[PDB]
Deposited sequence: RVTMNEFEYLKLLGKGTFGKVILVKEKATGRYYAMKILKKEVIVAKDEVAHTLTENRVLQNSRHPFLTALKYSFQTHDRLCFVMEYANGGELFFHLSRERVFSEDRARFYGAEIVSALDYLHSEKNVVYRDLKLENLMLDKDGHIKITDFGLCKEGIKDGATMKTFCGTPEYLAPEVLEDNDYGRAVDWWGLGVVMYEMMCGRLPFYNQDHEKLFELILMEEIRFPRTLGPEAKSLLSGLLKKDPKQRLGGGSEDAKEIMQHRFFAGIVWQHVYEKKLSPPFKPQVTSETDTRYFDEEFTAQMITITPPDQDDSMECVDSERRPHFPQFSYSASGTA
């Protein structure tokens, strides 16, 4: 039975609206992790329990080289804690905010890995992730993708079963989610198209500061590309960014498999992707496990330790991995 005294608390990796993430060391083992700490009080006030519980079940029920793993979750009187694989390499958001764009081959690599993980969520777990973006695509120390944040996943979605909940990130929302008229698992391919467009083109395919105008662009504007993008990249992006989910690459019964066959990925062997045999084309230059250079200096520079319906007890929240 795990508790907060099993860990040292070294650095703040970042702070979201419902909690914080702390780079931690487990005393007994020497192993570093990232621990998400949620005040229960905050969770309940914000109607954020369901997401948190969704996150706990999806993480328990998943094991893939490109999905952040859960080691432990446990609770104290006033708090919830998820002890996760630590993505040393930071967010691709950070990386693409410093480089203007990545090469086609670099995006192919990250693309392959994200496909491998979404495929597994869809076909093995019947999970729809729904919040793919650069902020949720993190790198590990070797430079492979680690997807994090599962609180917006939908569990239980099989074939063309539909969903109704308006959620995600505005810039990343698929046209059929903005139409508000039932959506399927092809929303994840629309997100894959947005992230890959950002990797290769250097910007979002549709932007406006104002959401309602953004959404209008997303529903109405024809996609355009920089004239240097190769024809196999364009075609992949065109297929992924079809506004009609029936016409979208990955929108049929074959799902990921249709994307996996696309000539942009030709010669990628999917099993080798799964075994991490692809050469990551950017290795993070981390000296050590406490080197947080790829994280936001906003949060990194801070040195802090802190160790009934408002503060309930979450039945069967706790969990330990290795099984």
Going from the first residue of the deposited sequence to the last, where are the unmodelled runs? 308-319, 336-337
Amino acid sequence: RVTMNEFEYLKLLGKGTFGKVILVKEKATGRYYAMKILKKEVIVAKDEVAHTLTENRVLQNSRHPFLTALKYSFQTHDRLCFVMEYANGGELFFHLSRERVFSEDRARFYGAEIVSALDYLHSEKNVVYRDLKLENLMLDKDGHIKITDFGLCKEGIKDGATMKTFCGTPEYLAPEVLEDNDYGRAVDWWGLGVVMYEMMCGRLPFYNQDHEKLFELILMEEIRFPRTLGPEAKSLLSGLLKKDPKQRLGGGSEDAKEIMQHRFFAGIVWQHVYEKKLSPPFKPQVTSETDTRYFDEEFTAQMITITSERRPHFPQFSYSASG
From here on, numbers count along this sequence of modelled residues.
Selected stretch [higher average CA B-factor]: 45-53 or 261-269: 45-53
Would 62-70 or 278-286 have the larger average of its C-alpha temperature factors, as given in the entry? 278-286
Out of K133, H77, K234, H122, highest CA B-factor residue: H77
Third of the chain's Cα B-factor distribution that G168 belongs to, per the entry: lowest
Going by the recorded CA B-factors, say which third of the chain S238 sits in, lowest, middle or highest. lowest
Ordered by C-alpha B-factor within the chain, which third holds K146? Give me lowest, middle or highest, please. middle
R108 - which third its CA temperature factor falls in, relative to the rest of the chain: lowest
Consider only the C-alpha atoms of the modelled residues in this chain, order them by B-factor as the entry records it, and name the third containing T228: lowest, middle or highest. lowest
